[PDB]
Amino acid sequence: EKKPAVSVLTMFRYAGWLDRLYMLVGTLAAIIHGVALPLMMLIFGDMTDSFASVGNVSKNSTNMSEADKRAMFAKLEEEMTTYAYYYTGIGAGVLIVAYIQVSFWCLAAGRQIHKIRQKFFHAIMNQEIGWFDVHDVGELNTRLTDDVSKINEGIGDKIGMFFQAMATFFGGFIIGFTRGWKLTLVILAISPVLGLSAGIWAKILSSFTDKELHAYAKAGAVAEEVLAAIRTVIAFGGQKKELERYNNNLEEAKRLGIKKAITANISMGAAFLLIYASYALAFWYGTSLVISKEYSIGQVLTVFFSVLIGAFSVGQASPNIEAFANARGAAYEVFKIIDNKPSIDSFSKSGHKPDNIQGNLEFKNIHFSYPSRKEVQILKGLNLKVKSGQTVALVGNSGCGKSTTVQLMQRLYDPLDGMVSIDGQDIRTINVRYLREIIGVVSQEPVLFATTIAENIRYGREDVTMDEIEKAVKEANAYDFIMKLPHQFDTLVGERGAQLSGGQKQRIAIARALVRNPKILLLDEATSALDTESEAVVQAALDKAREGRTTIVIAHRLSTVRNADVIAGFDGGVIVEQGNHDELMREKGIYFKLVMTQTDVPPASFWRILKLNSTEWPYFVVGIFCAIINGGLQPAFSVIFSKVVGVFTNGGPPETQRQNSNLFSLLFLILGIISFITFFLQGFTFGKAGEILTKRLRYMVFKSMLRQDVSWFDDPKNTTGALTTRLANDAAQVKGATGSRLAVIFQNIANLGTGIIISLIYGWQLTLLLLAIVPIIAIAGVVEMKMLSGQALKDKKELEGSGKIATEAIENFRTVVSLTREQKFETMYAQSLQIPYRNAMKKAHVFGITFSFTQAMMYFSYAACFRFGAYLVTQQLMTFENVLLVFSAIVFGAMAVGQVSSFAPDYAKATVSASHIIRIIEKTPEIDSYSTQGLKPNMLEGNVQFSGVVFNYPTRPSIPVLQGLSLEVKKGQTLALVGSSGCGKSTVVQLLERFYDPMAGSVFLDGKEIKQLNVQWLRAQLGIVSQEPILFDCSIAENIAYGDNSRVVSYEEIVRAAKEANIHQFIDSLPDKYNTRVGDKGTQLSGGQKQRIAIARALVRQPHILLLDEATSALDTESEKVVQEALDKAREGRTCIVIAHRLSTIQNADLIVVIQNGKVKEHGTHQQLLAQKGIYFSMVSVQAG
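Set out below in structure tokens:
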């Protein structure tokens, strides 16, 4: 794959000369800060030389008593005055430099972004309408704030850290090479082995990642299918069969999760081994070069560090590069749009602006093709004149041509052949804004903007007095309704405000167009969607608006057409006939045929989560054990490093410097081995502990989820997707808070515990300083991580208004371009953008300081340590060896807890991710579908009885649905439910199902309360025929057998049932006859076919009650008669409840109940309800006319 990018030198266009300066000065800061630590290593070397030169004098030979005290100790006091002034000189320069670095880089980036946002938005408002046709507008709108956010990363402070890290790469290989080159070329012969070992594992972890997501995609497909189809699952009691399907695919992602779990801690301990190895090789050889008096101890300790810093400086500049290349990549898709220039320029000032326009309209030989399907021509040889002041109604078969015409006179596309002229003048030779200013567009649907009525109207022409507004609202017929609104002309509309009816919205659009007072009117589907009531007022207001104006109307209603001055009949791009209404009627062509048809904050306890993994404690004992050893190897290293340098800095014979040095040097590989072993076992025990924990919790969850009742799955929050998510990643993210949290705290204890002890005993004065200051620098490392995020909140919240403006403008682009207010939205955008600008120009001032005072409180404290420890050596109270044993036991160990804690998963995000799991498991439903108790008699009568049923939906508890609902269905009769639209009718079906309990009243079945009968044996004798029947990705045998579970479903039973559903004959000529894969994967069945499959399943169950709920929710004409035959078959001699919408179903029913607001207004046979002349009569009379 090759994703494109921008040339580096391009991407910094829009950078003023001052931004070109800021990036330079800020770079020079970044270089200085880069080399500033290598100097701290050079000095750290000359400091050990200053201690070593005297450290062995005062010990080995006792020559003089007090003429040796003052001599050497007044030498060290004067040496360390200089080393301390040197360190503080660094921290001072750091304090200045780091400020200039992040200050000037974030500044130049902000100044460039503010110039990008406006040019990019303007670039989008300048595009063509065929440009919008091809593109997905949703991703474009997110692309306005995501891609610009991807660039601001890769041009801000992320560069100053890069030139910093490279200035350390070269400053460090400089000091290393110029102070001694043998040690360096030793290391740089090994560093390819470690950059290789590092890169290898990132290729293997990415391998076992995507292999894992393809392992769970099988289980998570069954997951998505169930929780969408849960109504069918509960209604057919397949809550355990789907648990087994979801489980038998759940072992794949486990075994793969282990091959990932092991190999992650292999990758850890493997590279953690190669550190202790190249440590030994570089120290064994470095000691052999000081024994022979080539180097000193200060030389080695300079070079080894000043190499490892510059060599590790690469891994710290990896992401700062990747972020700069992400910024290049996002900058390509944007700069393409900015550099794209349209043919129809809505901003240019080119064409004529002719005055006194009478509106002669002429189409000449027009040919046109849309550019999304450019193979099909839409219009071919289209010719036609509109004389000044005439009205033209366009009629003809369904097609995009009529609207295309309206789009061509707006000039929203440029026709290919031919020419469109107004008063003899090519419309492509005037200006676009003058053109659309003279044209009023009345779209099918009117866009209302979330603003006041005054502003929505003023969008048509922003310089207008309130008198003229009043005139237009009057003329458009929207005035009297506005005067009755509570905040008259100030009422707030749009999506945020009060919803206006269709008629009122359209009349507002008409008033806006009146304000525009154009010379040409174009109306498309003006009264299509609108009902007859709204249509009459709108027609009166349109007719008002049209008087003496040239008008093209896309007519759907005949009455619009009858009063037009001329009618055009279009067919296939070609005007087949033109004339007045009576002429086209006389022609008895197309038009005549037309007129003669129309007539989330749960707190979970830590111990509670830990108990979930309790079933695998033996794994935990081991993992704890290796987490203590591995947590103990760090203070060991702090010793073996100190004990090394102690030899060459306190005093000894050169007979022991070999065996002591080589011993400690191979104790590095003792430690390195124990690292690799304790990691391979840590990640073999805590690894399985986690990959077990996921699989066992996904099972217990999905089980507990199908145990829940329907009120839960009705909630807005428990949608089928947020449950697949919660079931998929949140179920797995727990394991970062069970074993990995013990591994953390046992490592951290075994590290800081034994290292606090050791450093305290070897000398406690230095420690109380360091462990007093570590609270401070640890705080600083925290507050940076905080305020980096809390400022992300502040700036990105102040950006939502600026983004909502753009969302409003892109989502209705076709409207605003017709109002020619692209400039208005440009100004509104900029004015909204003026807050986060001045905020960002203070932001760089802030992060200059938080970055400066982090590094200053660290470089200063390096002096506050090696000064105090030095005075502890002056007073002969502590050795320099014991200093290194304190310093690299606190510092290198506190860095160890960070290098651990930053690797492990986010514990907070894992805890709340787990607390949701515990809630979904420990929840017990109102309706335990899983239960085993209940009467379950042998009485197959099926007397149904509702007595005074009272019920309210718990999703919408404020509203009522059913009040005093009473009704009997006698054995074997069919009952039809009728009434006005409402949930009561469906609710009866859901209550016999027992998907909900009632608040009061009673539902009885053969004299028995249904709340006292097993849910499985209630629902087993109930057949649910749903509206949109759900077919499962599965064979016909399994989909039908899904109904009667735990039942010998044989070839015989399928065939008799498929006969009686009327699908056998259609099934048997299909190619794989009964093995044919159906569902989304297989041949897509029509709406009619699916329901007939559902019917066969209901016959297989052979229940004594049949619940039919708004079946026939389709337009398949033949399927309808097939279904109705199959249904008459399916009902015969069975007790049936039908939610009836069709009159014919009602006529043949044995009993009808007319329900209104929970109340049985009337009931009886068909004939008696007709002759009653009541509600039922009203329904049948409406269909009758």
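Under the entry's author numbering, the letters of the sequence shown match residues 28 to 626, 687 to 1272, in that order. The beta carbon of each residue, even a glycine, is placed where N, CA and C say it ideally should be.
* Would you call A229 buried or exposed, if buried means 16 or more other Cβ atoms sit within 10 Å of its Cβ? -> exposed
* **Inter-residue CB distance, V709 and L768 (contact presumed, cutoff 8 Å)** => 6 Å
* Determine the contact status of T1232 and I1192, defining contact as a CB-CB distance below 8 Å. => no
* Quick check: the region 1147-1164 against the region 1099-1118, are there 3 or more CB pairs under 8 Å? -> no
* To do: Using the Cα positions of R1081 and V1075, report the straight-line distance between them to the nearest angstrom.
  => 9 Å
* Please classify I1150: is it buried, with 16 or more other beta-carbons within 10 angstroms of its beta-carbon, or exposed? => buried
* With distances taken from CA atoms, which of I257, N274, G226 and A255 is nearest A242? -> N274
* To do: For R170, collect the residues of the same chain with a Cβ closer than 8 Å to its Cβ; drop the 5 residues on either side in sequence, then sort them by chain order.
  => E360 and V361
* To do: Can you grab the Cα-Cα spacing for the pair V688 / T1042, in whole Å?
  => 21 Å
* To do: Inspect the CB distances between the region 703-721 and the region 771-779 and report whether three or more fall short of 8 Å.
  => yes
* Asked: Measuring CA to CA, which of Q343, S77, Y1017 and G82 is closest to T195?
  -> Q343
* Asked: Excluding sequence positions up to five away, which residues of its chain have a Cβ less than 8 Å from the Cβ of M99?
  -> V81, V84 and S85
* To do: Compare the Cα-Cα distances from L699 to each of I1005, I977, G1166 and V253 and report the closest residue.
  => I1005
* Taking buried to mean at least 16 other C-beta atoms within 10 Å of its own C-beta, is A859 buried or exposed? -> exposed
* Decide yes or no for the touch test of the region 952-959 against the region 848-856: beta carbon pairs closer than 8 Å, at least 3 of them. => yes
* Local conformation of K1098 per DSSP, three classes -> helix
* Asked: Among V933, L462, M872 and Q1211, which residue has its Cα nearest to the Cα of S905?
  -> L462
* To do: Pull up the CB-CB distance for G203 and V35, whole angstroms please, since I reckon it's below 8 Å.
  => With 8 Å as the limit, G203 and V35 do not qualify as a contact, their Cβ atoms being about 30 Å apart.
* Asked: To which residues does DSSP link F1091 through a beta bridge?
  -> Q1032 and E1096
* Asked: Heavy atom of the ligand HEM less than 7 Å from the Cβ of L847, yes or no?
  -> Only the bare structure without any ligand can be found here, which leaves the ligand HEM out of the picture.
* Local conformation of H379 per DSSP, three classes -> strand
* Asked: What are the boundary residues of the alpha helix (DSSP H) that includes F374?
  -> From DSSP, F374 is part of no alpha helix (DSSP H); its letter is neither H nor E.
* Asked: Of the residues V821, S1067 and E389, which one's Cα is nearest the Cα of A995?
  -> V821
* To do: Output the distance between the C-alpha atoms of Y506 and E389, rounded to the nearest integer angstrom.
  => 36 Å
* To do: Determine contact between the region 921-939 and the region 831-843, defined as no fewer than three beta-carbon pairs at a distance below 8 Å.
  => no
* Asked: Which value, in whole angstroms, describes the spacing of the CA atoms of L758 and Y303?
  -> 7 Å
* Asked: Which residues in the same chain as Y924 place their Cβ atom closer than 8 Å to its Cβ, once the five residues preceding and following it in sequence are excluded?
  -> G137 and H141
* Spatially closest choice to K1057 from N1030, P1047 and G1066, by CA coordinates -> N1030
* Asked: Along the chain, where does the alpha helix (DSSP H) that runs through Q746 open and close?
  -> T743 to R794
* Who are residue 676's beta bridge partners in DSSP? -> Inspection of the chain shows residue 626 followed directly by residue 687; residue 676 is thus not represented.
* Asked: Helix, strand or coil: how does DSSP classify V403 here?
  -> coil
* Asked: Whose CA, out of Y916, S77, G1169 and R488, lies closest to the CA of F967?
  -> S77
* **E502: first and last residue of the uninterrupted alpha helix (DSSP H) it sits in** => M493 to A503
* To do: Grab the span of the alpha helix (DSSP H) containing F78 for me, first residue to last.
  => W44 to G82
* Asked: What's the C-alpha gap between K1072 and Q1189?
  -> 24 Å
* To do: Name the one or two DSSP bridge partners that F967 has.
  => Paired residues: none, contrary to the question.
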